[PDB]
Amino acid sequence: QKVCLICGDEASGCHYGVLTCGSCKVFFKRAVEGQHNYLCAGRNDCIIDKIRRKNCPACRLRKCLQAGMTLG
Amino acid sequence: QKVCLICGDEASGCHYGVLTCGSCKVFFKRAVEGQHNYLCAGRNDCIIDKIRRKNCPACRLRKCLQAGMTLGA
DNA sequence: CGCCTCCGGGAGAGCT
DNA sequence: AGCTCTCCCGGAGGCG
Ligand SMILES: [Zn+2]
Ligand SMILES: [Zn+2]
Ligand SMILES: [Zn+2]
Ligand SMILES: [Zn+2]
């Protein structure tokens, strides 16, 4: 069962308001809080799945917000 | 692995300075911050183990303080 | 990044 | 109507 609304990988539970895997949970916390510089080199449409997750952090962050993920 | 120095059930790790299970963890946090009104019907030496934890919160609370559990400020 | 261990705490069950 | 206890998630720090 257990599927992450962001990357399709196995979800470990509901994190920051959305059902996600472990890696997407910590990717998000780091994206908000830390020093980063993400820029899409595509059209802002990038496919986000387990194999291509690392390719476009900008699109990975975009999908997170659009699913309503947030901090405290 | 890992005993619980207070009730002996099974320890998940160290909580508030002492190696304890999860139920003692949350019992202690609540015993301090709450209106509690616990008192012993024994001689204040009651045995505290998994089967008897619920008998004497007063003594269970004393075992925590004797093991040095605290929060602070 | 992706994963781990460790500790704190909220909340909804369950038990008299 | 309180206590009690497991389940779940958040944050920090470490490591490959
Ligand atoms: Zn994911
Ligand atoms: Zn992109
Ligand atoms: Zn215990
Ligand atoms: Zn007693």
Side-chain angles (χ1 to χ4, degrees), chain A residues 1-42 44 46-65 67-72, chain B residues 1-42 44 46-73:
Chain A
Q1 321 322 144
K2 328 83 161 163
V3 309
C4 165
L5 286 182
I6 308 288
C7 73
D9 191 21
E10 150 159 37
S12 48
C14 183
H15 300 294
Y16 301 119
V18 174
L19 171 72
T20 78
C21 57
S23 80
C24 285
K25 166 203 166 75
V26 314
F27 163 87
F28 180 69
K29 176 70 171 204
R30 290 176 167 147
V32 173
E33 299 288 336
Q35 235 167 315
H36 261 35
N37 296 342
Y38 296 152
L39 205 73
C40 174
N44 310 94
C46 291
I47 289 144
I48 303 304
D49 66 354
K50 171 165 188 170
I51 324 310
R52 284 165 283 216
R53 218 187 277 155
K54 295 174 174 79
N55 288 38
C56 199
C59 291
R60 189 175 182 188
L61 180 53
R62 177 178 55 72
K63 268 188 79 175
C64 284
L65 306 175
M69 285 185 75
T70 172
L71 293 195
Chain B
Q1 292 334 317
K2 298 295 178 64
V3 77
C4 185
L5 296 175
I6 303 309
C7 73
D9 174 23
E10 173 152 36
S12 58
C14 266
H15 297 296
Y16 303 119
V18 171
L19 173 72
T20 71
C21 73
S23 60
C24 288
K25 172 190 82 166
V26 73
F27 166 84
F28 171 77
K29 172 65 165 286
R30 184 202 180 282
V32 177
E33 307 197 332
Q35 285 54 27
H36 62 69
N37 305 298
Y38 302 146
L39 64 91
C40 181
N44 284 286
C46 293
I47 292 314
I48 305 283
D49 62 357
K50 175 170 186 181
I51 323 84
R52 278 169 288 200
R53 314 184 231 137
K54 283 174 187 165
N55 283 29
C56 203
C59 287
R60 186 181 182 186
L61 167 58
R62 171 192 54 85
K63 275 196 75 174
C64 293
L65 293 166
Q66 279 167 354
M69 282 178 83
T70 173
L71 332 157

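Atoms considered below: every heavy atom in the structure, side chains included; atoms not considered: hydrogens, waters and symmetry mates. Proteins get letters first, then strands, A, B, ... in listed order; numbering begins at 1 in each.
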Q. Do the rings of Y38(B) and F27(B) sit parallel, tilted or perpendicular, given the 30° and 60° boundaries?
A. parallel
Q: Round to the nearest Å and state the distance from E10(A) atom CD to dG2(C) atom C1'.
A: 14 Å
Q: Using modelled atom types only, decide if a donor and an acceptor are shared between the side chain of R53(A) and the backbone of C7(A) within a distance under 3.5 Å.
A: no
Q.
Mind checking if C21(A) touches a base, just sugar-phosphate, or nothing, with heavy atoms under 4.0 Å?
A. nothing
Q. Is there a side-chain contact between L71(B) and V32(B) (heavy atoms, below 4.5 Å)?
A. yes
Q) Which sits closer to the 5' end of DNA chain C, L71(B) or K54(A), going by the nucleotide each is nearest to? A) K54(A)
**Q.** Interatomic distance, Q1(B) CD vs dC6(C) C1' [rounded to whole Å]
**A.** 17 Å
Q.
Please report the distance, rounded to the nearest Å, between NZ in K50(A) and P in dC3(C).
A. 6 Å
Q. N37(B) has an atom CG; how far is it from atom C1' of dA1(D), in whole Å?
A. 14 Å
Q: Would you tell me if any nitrogen or oxygen in the side chain of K25(B) comes within less than 4.0 Å of OP1 or OP2 on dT6(D)?
A: no
(Q) OP1 or OP2 of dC5(D) versus the side-chain N and O atoms of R30(B): is any pair under 4.0 Å? (A) no
Q: Please report, rounded to the nearest Å, how far the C1' atom of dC1(C) is from the CG atom of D9(A).
A: 13 Å
(Q) Regarding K29(B), tell me which of base, sugar-phosphate or nothing describes its non-hydrogen contacts under 4.0 Å with the strands shown. (A) sugar-phosphate
Q | Minimum-distance nucleotide (side-chain atoms of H15(A) versus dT4(D), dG8(C), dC9(D)) | A | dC9(D)
(Q) Need one value for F28(A): base, sugar-phosphate or nothing, where a base atom within 4.0 Å counts as base even if backbone is also close, heavy atoms only. (A) nothing
(Q) By nearest atom, which of the nucleotides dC7(C), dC9(D), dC5(D) is closest to the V26(B) side chain? (A) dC5(D)
Q. Under 3.5 Å, side chain of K25(A) to main-chain N/O of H15(A), donor-acceptor pair present?
A. no
(Q) Distance check needed: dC1(C) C1' versus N55(A) CG, whole Å only. (A) 13 Å
Q.
I need the CZ-P distance between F27(B) and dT4(D), as an integer number of Å.
A. 6 Å
(Q) If I take atom CG in residue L71(A) and atom P in nucleotide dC9(D), what distance separates them, rounded to the nearest angstrom? (A) 16 Å
Q: Between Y16(A) and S23(B), name the one whose nearest nucleotide on DNA chain D is closer to the 5' end.
A: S23(B)
Q.
For a quick check of understanding: with a heavy-atom distance under 4.0 Å over all strands, which category does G22(A) fall into, base, sugar-phosphate or nothing?
A. nothing
Q: Examine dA12(D) and say whether its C1'-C2'-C3'-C4' torsion places the sugar north (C3'-endo side) or south (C2'-endo side).
A: south
Q) Near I51(B) CD1, under 6.0 Å, is it more than 12 heavy atoms from other residues, nucleotides or ligands? A) yes
